[PDB]
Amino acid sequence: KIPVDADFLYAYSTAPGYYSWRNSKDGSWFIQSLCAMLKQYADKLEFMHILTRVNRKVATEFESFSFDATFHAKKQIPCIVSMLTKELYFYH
């Protein structure tokens, strides 16, 4: 038998409890970064390692700018939730 919850992965845009940023013209910080890292690395790296690069890209390259001090100068870390049981490569 295997667990019924085995072999799921959740790639969340943000930490539990947190806001998630989206730009009117570029899209969301997370999806833009995810697509970029998949484009660059899906034929090269295991999926958790791609998602780790996505974490770094979102964490380092994005910061909010807002006229409202409440929402200004904010940062985001995505959150990988793996219940996978094997490494995942998009190529073979």
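A residue's number is simply how far along the shown sequence it sits, counting from 1.
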property	result
Higher-scoring stretch by recorded Cα B factor average, 64-72 or 19-27	19-27
Chain-relative CA temperature factor third for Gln32	middle
Chain thirds of CA B-factor: placement of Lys44	highest
B-factor third for the C-alpha atom of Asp7 within its chain	middle
